[PDB]
Asker: 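First the structure, then my questions, so here it is.
Numbers restart at 1 for each chain; the letters A, B, ... are given by sequence-line order, proteins then strands.
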Number of protein chains: 4
Amino acid sequence: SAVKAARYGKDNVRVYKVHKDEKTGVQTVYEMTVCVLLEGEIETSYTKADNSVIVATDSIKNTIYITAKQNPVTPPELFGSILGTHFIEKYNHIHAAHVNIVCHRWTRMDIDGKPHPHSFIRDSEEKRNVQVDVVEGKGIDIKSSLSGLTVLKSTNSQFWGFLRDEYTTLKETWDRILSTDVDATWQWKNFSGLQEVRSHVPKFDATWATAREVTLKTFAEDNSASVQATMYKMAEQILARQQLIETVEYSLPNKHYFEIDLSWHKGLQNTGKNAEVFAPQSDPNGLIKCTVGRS
Amino acid sequence: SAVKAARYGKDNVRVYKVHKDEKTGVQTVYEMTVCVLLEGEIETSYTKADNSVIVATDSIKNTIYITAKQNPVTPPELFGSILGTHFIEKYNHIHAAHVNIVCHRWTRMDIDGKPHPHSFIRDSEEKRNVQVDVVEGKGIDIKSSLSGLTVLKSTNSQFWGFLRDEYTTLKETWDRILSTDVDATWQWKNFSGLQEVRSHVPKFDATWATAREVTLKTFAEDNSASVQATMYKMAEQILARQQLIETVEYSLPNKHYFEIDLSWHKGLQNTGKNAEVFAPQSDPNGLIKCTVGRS
Amino acid sequence: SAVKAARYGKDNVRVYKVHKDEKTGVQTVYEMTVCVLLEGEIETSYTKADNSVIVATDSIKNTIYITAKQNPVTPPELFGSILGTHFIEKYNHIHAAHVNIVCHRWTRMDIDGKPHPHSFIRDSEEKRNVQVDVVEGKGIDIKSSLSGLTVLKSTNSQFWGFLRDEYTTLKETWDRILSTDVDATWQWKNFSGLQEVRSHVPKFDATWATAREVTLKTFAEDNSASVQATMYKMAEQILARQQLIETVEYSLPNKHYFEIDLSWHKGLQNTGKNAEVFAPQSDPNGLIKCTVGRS
Amino acid sequence: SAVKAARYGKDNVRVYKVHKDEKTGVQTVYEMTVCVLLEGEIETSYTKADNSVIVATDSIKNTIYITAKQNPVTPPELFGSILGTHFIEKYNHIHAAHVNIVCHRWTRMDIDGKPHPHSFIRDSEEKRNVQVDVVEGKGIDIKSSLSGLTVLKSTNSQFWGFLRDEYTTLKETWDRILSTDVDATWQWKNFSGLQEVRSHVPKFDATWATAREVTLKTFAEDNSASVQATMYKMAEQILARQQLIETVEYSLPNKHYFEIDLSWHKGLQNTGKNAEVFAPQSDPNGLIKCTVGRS
Ligand SMILES: O=c1[nH]c(=O)c2nn[nH]c2[nH]1
Ligand SMILES: O=c1[nH]c(=O)c2nn[nH]c2[nH]1
Ligand SMILES: O=c1[nH]c(=O)c2nn[nH]c2[nH]1
Ligand SMILES: O=c1[nH]c(=O)c2nn[nH]c2[nH]1
Ligand code: NA
Ligand code: NA
Ligand code: NA
Ligand code: NA
Ligand SMILES: [Xe]
Ligand SMILES: [Xe]
Ligand SMILES: [Xe]
Ligand SMILES: [Xe]
């Protein structure tokens with residue numbers, strides 16, 4: 001037997017950082033969960049019990065805190081690149097670092113119509129994520145994402161003209177509820193190293209904001225022919241607005257809301273044009289994916 | 001042996017309702033999860049296998065949908081009272097109905113600075129809840145709540161002057177992070193029946209909004225001496241603003257963020273006035289409760 | 001305004017303890033999650049910011065560890081009573097302690113048909129719980145429970161003869177699937193204090209085992225007329241076998257498995273006597289409760 | 001822009017099947033959650049709103065039920081292969097099916113030392129999974145796994161001799177607790193189609209049982225030098241026992257239990273050889289992966 005692949009590290013490292021402006025008194029908080037996995041010349045720890053090649057996962061945890069202390073933690077694409085680069089430069093036998101970061105929302109509170117200097121609310125479980133792969137001699141690959149954005153529209157969704165055969169019971173419809181949890185990932189062109197990532201720093205927050213805006217607007221405005229058709233429109237627009245993105249991937253559950261026929265009870269009309277009360281279905285759900293790239 | 005207490009019903013009934021304004025084209029959605037448990041002269045179903053006394057839980061589910069079809073579902077205090085009253089009036093041998101409702105957020109989307117007519121976002125897992133107990137000959141008892149409101153302030157919290165003995169290691173502090181998930185419940189004076197609940201309908205949404213506003217403002221502005229002292233201030237203000245509330249209960253976890261001493265590494269200073277990077281603790285947590293009523 | 005009720009403490013305190021037999025080499029592990037809430041003369045911490053009355057929740061956490069170090073942690077009824085008694089005896093102004101303990105399963109592994117001395121498996125998320133209320137001058141009230149015991153029988157359950165009216169669609173049945181998650185609680189007669197709890201120590205594990213055995217056997221063997229009728233039989237038997245129990249409470253979800261009519265597809269027969277493939281329903285669910293006591 | 005990759009289907013389809021032996025009266029139940037995603041010539045549904053290429057996800061759900069009705073559902077490797085093959089053979093323009101199956105435990109109850117004919121218990125949340133990729137003209141690729149197997153040993157784990165630098169605080173140890181949740185995957189050699197999968201049917205259950213046995217035994221008996229070294233031993237043995245497996249992958253969290261220094265309290269000794277009470281840590285955790293293949 002032989003080791004074909006190996007990676008190891010620390011998962012679920014929760015980190016909070018506060019920035020205090022001494023002038024204005026304004027404080028800004030960041031909270032993240034971080035995972036760092038390393039690869040390199042470490043096969044002997046598995047095969048020969050040679051621990052001398054292991055940077056202890058506890059040390060990886062320490063490194064995340066120290067790096068957060070000495071560097072900006074925003075945008076997460078930059079923090080992840082700094083963190084990954086550290087391990088490949090510091091340890092001769094480590095040749096790749098894989099850094100995943102989940103950013104949690106702490107939104108400044110508005111009290112009496114003015115922004116509060118040091119009080120925050122978690123408005124939704126929506127996350128902003130990054131995956132950063134730093135590979136010695138191959139640069140830095142960054143995938144940025146938003147996840148956990150849950151939306152619903154109550155009309156202006158249709159689904160008709162699909163394949164009908166002996167397995168089909170679904171009725172065609174020209175007016176349905178559409179609801180989904182959005183997972184959208186944009187993959188950056190490969191960067192040569194930290195200097196290049198630093199040179200593009202302003203684009204990271206701007207592209208996240210654009211991806212979010214395009215997703216929300218397209219969903220709200222498209223008279224949707226299917227989840228497939230609407231999601232493609234979103235991806236197309238993101239690629240048009242940021243030339244440094246190579247691909248856009250969406251993964252979308254179709255969370256079904258079923259009509260309830262109440263006609264058995266006193267002829268009550270609750271279907272088609274008369275539908276008012278629906279039953280949300282926890283499962284099963286449609287799952288629709290697509291990756292869109294450039295011609 | 002004897003049956004001392006018994007209740008039975010249907011839990012986790014998910015309900016969505018849409019309202020369509022034919023004039024403006026504006027649609028508004030409501031989504032809830034409902035539980036209804038009944039009590040009454042049903043002991044024989046347990047002791048003698050006499051199913052003739054059982055209103056099937058499947059029928060309870062049907063009733064929730066039918067009631068939602070024929071009545072407003074907002075405010076939830078009114079819907080719960082209608083639903084509970086139905087069972088005690090319809091079935092001679094049922095003498096109490098217990099209705100719990102969890103309302104999920106569907107917030108209208110703003111697209112290009114204007115409210116969209118039929119598109120919604122789930123902004124946070126904060127819930128608005130009601131518990132309604134309808135007891136034949138004893139009226140309607142309603143407890144209203146908000147839950148899952150998660151907040152953090154990065155300064156203006158202190159904790160000193162607590163009891164110190166041989167079990168104590170905690171250091172006194174004049175500047176700490178305070179973060180909690182707010183669960184706040186206000187209990188209404190007993191109502192004689194549906195007519196009286198209907199007469200107070202405008203107060204339900206207004207009091208929920210007030211409870212939310214008072215909680216957020218007090219948390220943000222109080223230079224907190226403890227969770228205990230800050231929560232009391234919140235409860236006091238709610239009781240002052242709505243005379244029809246008899247008691248206010250808060251249950252608050254104290255979600256700890258620990259300093260990380262980094263001085264072992266190159267004398268790095270990250271404690272006290274120099275603290276920037278903290279470790280959020282998933283567990284354990286403080287849990288602080290209080291029920292405040294009128295003199 | 002006035003404080004009507006107040007309690008505070010530490011939740012989610014995870015504790016592991018190991019016992020090492022120096023003779024046999026056998027090790028036995030216990031793992032629990034503990035919550036301790038205190039009550040007493042503490043109103044001033046809420047109303048006057050008087051922290052001098054507060055035993056810090058951090059100290060409560062320390063106390064749980066120290067108490068686990070110096071005392072047996074099994075049976076949990078005894079550990080909870082020791083822990084609760086500590087606070088009311090140690091602090092003059094604390095008059096009640098409420099201790100909740102969840103015991104997690106670590107079952108000794110059998111390797112090659114023999115019990116391993118120091119290796120364990122988590123066989124199921126079933127828990128054994130206790131709630132202990134220690135109230136100065138009123139003794140010790142203990143509720144013991146099992147929860148998270150998930151069972152299913154594929155036949156020998158019926159449900160017919162229930163009330164039928166204009167809200168009813170459910171068909172009567174003489175053969176259905178019955179599946180539930182068992183939550184069963186037995187409440188002990190009040191104990192005068194620790195000496196009395198200590199005198200009954202052997203009964204705690206034995207009664208837990210009996211409650212478990214009676215639940216499983218009755219479920220498997222009863223040709224069930226309803227959840228109500230089967231659960232009553234369980235409770236009756238537990239009360240008969242342990243005279244020191246005053247009441248038995250069961251809370252049981254009815255987790256539905258629906259037939260799937262496939263007759264639309266090539267006349268395929270999958271209902272009634274021909275039913276083979278079913279759709280488990282995540283929600284809604286029936287919820288059936290009963291508390292049984294002595295004549 | 002262009003579609004680079006696309007797949008779509010139905011997730012979270014819960015399925016139960018019962019087998020009734022008319023002779024013995026014995027019933028056996030199977031419960032699974034199934035996901036099926038399809039790929040093929042479907043780009044136009046995304047780019048041109050051409051729904052004529054879409055097999056509706058609702059039809060995919062119907063197909064899973066019908067296939068379960070007409071075929072054995074065990075072993076899951078066979079069921080998944082039947083299900084995947086159906087879609088690529090039935091629909092000309094569908095060229096790949098990806099089938100994931102999670103099998104839930106329903107273990108026959110022993111009542112009074114004998115196996116009950118129709119009553120079952122969920123003993124643990126351990127799952128048996130399969131991933132089956134059926135690709136037109138490329139055969140059937142099957143990955144089998146077990147997950148959610150949670151174990152702990154209280155001694156006979158060590159960790160010393162790791163890299164020490166200015167980021168390191170971890171002390172070397174010769175006696176620690178080791179606890180993990182096991183995720184183990186074995187990848188079968190590619191099969192040419194259903195006939196070949198059918199010919200190997202007896203190997204699937206046997207190899208699952210062997211993988212489980214080897215994991216448990218090795219964990220219990222190895223005087224572990226690290227998670228890395230112990231996991232390699234497991235993988236090596238599985239590859240030796242089943243020649244039709246090409247690779248074995250393990251992914252193992254290292255769930256930490258920390259010593260608690262109690263010496264501040266009356267000189268209480270609870271560290272090193274005196275350690276009895278530990279604090280389980282919910283996060284962070286080590287994460288250790290390896291893929292082992294043949295020379
Ligand atoms: O078994 C271990 N492997 C590791 O890589 C490690 N790092 N810290 N502790 C550890 N334990
Ligand atoms: O056992 C049952 N009890 C009930 O109360 C009920 N209601 N619907 N189905 C049911 N099954
Ligand atoms: O606000 C607080 N209240 C308390 O009771 C407490 N105990 N430890 N820390 C604390 N903080
Ligand atoms: O938008 C949809 N896409 C699909 O593929 C599908 N299948 N059933 N319903 C559906 N709705
Ligand atoms: Na390197
Ligand atoms: Na009545
Ligand atoms: Na006392
Ligand atoms: Na095909
Ligand atoms: Xe952070
Ligand atoms: Xe609703
Ligand atoms: Xe414990
Ligand atoms: Xe199944």
Asker: At a 4.5 Å cut-off on heavy atoms, which part of D:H116 comes close to chain C: side chain, backbone, both, or neither?
Answerer: side chain
Asker: Among D:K217, D:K20, D:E125, which residue forms the greatest number of heavy-atom pairs with chain C at distances under 4.5 Å?
Answerer: D:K217
Asker: Relative to chain C, which of D:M109, D:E213, D:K153, D:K69 shows the most heavy atom pairs under 4.5 Å?
Answerer: D:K69
Asker: Does any part of the side chain of D:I66, heavy atoms only, come nearer than 4.5 Å to the side chain of C:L262, both counted from C-beta?
Answerer: yes
Asker: Specify the closest pair of heavy atoms between C:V277 and D:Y65, including all atoms of both residues, with the distance to one decimal.
Answerer: CG1-O, 4.2 Å
Asker: Is D:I111 in contact with chain C via its backbone, its side chain, both, or neither, using a 4.5 Å heavy-atom distance?
Answerer: side chain
Asker: Does any heavy atom of chain C fall under 4.5 Å from the side chain of D:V29, the backbone, both, or neither of them?
Answerer: side chain
Asker: Rounded to the nearest 0.5 Å, what's the gap from CG on C:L216 to OG on D:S119? Could you check?
Answerer: 9.5 Å
Asker: Could you go step by step and tell me if C:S179 and D:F120 meet the side-chain contact (heavy atoms from CB on, under 4.5 Å) rule?
Answerer: CA-CA 9 Å; C:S179 182; D:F120 303 90; over 6 Å; no
Asker: At what distance, to the nearest 0.5 angstrom, does OG of C:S154 lie from NE2 of D:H118?
Answerer: 6.5 Å
Asker: How far apart are the C-alpha atoms of D:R122 and C:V151, what are their side-chain angles, what is the distance that settles it, and do they pass the side-chain contact (heavy atoms from CB on, under 4.5 Å) test?
Answerer: CA-CA 6 Å; D:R122 162 95 17 102; C:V151 295; over 6 Å; no
Asker: Where on D:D181 is there a heavy atom nearer than 4.5 Å to chain C: the side chain, the backbone, both, or neither?
Answerer: neither
Asker: Given a strict heavy-atom distance threshold of 4.5 Å, which part of C:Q70 is in contact with chain D: side chain, backbone, both, or neither?
Answerer: side chain
Asker: Do the side chains of D:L152 and C:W106 get nearer than 4.5 Å, heavy atoms only?
Answerer: yes
Asker: Could you walk me through whether D:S282 and C:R14 pass the side-chain contact (heavy atoms from CB on, under 4.5 Å) check?
Answerer: CA-CA 9 Å; D:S282 303; C:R14 300 183 65 185; 2.9 Å; yes
Asker: Name the member of D:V13, D:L149, D:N62, D:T28 that forms the most heavy-atom pairs with chain C at distances under 4.5 Å.
Answerer: D:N62
Asker: With a 4.5 angstrom heavy-atom cut-off, which part of D:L178 approaches chain C: side chain, backbone, both or neither?
Answerer: neither
Asker: So what's closer than 4.5 Å to chain C heavy atoms on D:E31: side chain, backbone, both or neither?
Answerer: side chain
Asker: Can you find a pair of side-chain heavy atoms, one from D:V15 and one from C:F278, that are under 4.5 Å apart?
Answerer: no
